[PDB]
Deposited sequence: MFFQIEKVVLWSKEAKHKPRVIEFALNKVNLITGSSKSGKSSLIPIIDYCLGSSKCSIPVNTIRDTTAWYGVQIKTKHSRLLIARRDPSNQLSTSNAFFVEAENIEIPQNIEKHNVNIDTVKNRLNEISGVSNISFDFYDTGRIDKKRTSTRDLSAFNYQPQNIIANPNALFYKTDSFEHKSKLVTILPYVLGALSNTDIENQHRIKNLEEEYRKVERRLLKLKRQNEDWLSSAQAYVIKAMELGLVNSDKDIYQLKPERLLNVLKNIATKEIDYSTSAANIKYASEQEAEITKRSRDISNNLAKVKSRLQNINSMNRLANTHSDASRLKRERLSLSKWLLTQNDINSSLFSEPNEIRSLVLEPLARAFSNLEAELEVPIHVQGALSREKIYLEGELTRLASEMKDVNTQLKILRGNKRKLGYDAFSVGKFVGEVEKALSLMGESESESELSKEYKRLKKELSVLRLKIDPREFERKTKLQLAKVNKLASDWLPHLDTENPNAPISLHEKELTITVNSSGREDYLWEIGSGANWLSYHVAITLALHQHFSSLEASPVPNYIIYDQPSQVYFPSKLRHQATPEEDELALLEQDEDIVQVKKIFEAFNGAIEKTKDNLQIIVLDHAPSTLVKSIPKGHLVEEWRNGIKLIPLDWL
């Protein structure tokens, strides 16, 4: 997004004055001229520690001895923000933040304790940045390589300290061995423009639809594709209905349609019946008697808790009290009748049933004794016909089941085919080719062994892959070319989550030859106006202040804001 540093604060331990502001001009190339050991190279860990760093790389015995609060101010696309952070001191690196936000930012004095945690600052930066909240884990392994991407994770390609500018091994900020290389190979297609917030939700929505597919296709459509043997026996077991014949059975199998045959299929010993009247419409309503006692016992226990959970009933209108307050005040006085349960409920649950177990199971044993077509034949046939008809398309193209297969399961292939991994690879290769063809424009603006060889990168390692031999300060030229290429690509994009500032720290650390750094500042001059003034460059060097005066995009803040050192000795 638009996210540019305006000014950097360094609060003292409340001696007299001087919160030590280090300002930066917006959308320019910012330079301060340095002495030998003024300590200006440690401003990058100060700003990174203010941004939400877990550790603190602010150096010991020079800066941390006389500083209480560290703050930076970064202007957003809308309004600004100031992120302060106190000194870690004894508790390793675990201070918390002071995070104010307004349209304009004013620096107060020391603000004693903190008010906002550092994960709060990280979450606010993420919701400003527009990064996806997804965990990036398309197999859901709980990985840190595939995790939620933060603006703290986007602090790479934003700071170029002393140790990595003249180093081809480490390309960006704090990604030397494995601290951010995994969470940059995870997020490079997302920041190059291949993916978006709506695009990143597809790779787990398709897994949810795959789970729904495995739910529906586990049966493999028993009602549709695995019922041919039932239709083979649909015209075969009707000869058993002739044997157990009460209704008019089938006249002839090979005389009717199968639909007509299914429509046909739709349709001393009396002591068992003379016992069975107390088990059909007496024991069934006795199970319902158990539903009077036990269900209402647990309901009166539950509505006791529901009324206990209603422990909360306790302009000049005229009906706002008698009909709106007074029913609630009345219902507060009616809660006391709900904690009481009558003793007859559990009495009928336990004791009345224990007197009745011999009153109902005795006739059940009598029915068993006198139970030694058939009695269960019309039970086993009528009712199984109903279950067979309710198993074959009672709701298949009408309400649910196979109706959703023509709707939901025709969207799984739609979601799989509208954005495949082939489209992701093609878009990330197009964006990588765009950032490579945009990269070589500063090769005439800079100087290398070859100012026309097309430089390139790859996602899988994030290193310098030009087409080495005769290297040195050429690593700095490749570094500024690749950083300006990536930041110009992010500025030319829409909804890019990356802050558009690059901080450079000692380009002339290999040299100390002013023509090379002059052409470096010429490239920095050019790169601001390619996207029509959406980029910031901060340079920290001992180069003289005259290298920006003949440059339209170049700014000095009069050394260390008219100072001699970063830390003033007059604190």
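Of the deposited sequence, positions 268 to 291, 339 to 351, 410 to 422, 518 to 526, 572 to 593, 653 lack any modelled C-alpha atom.
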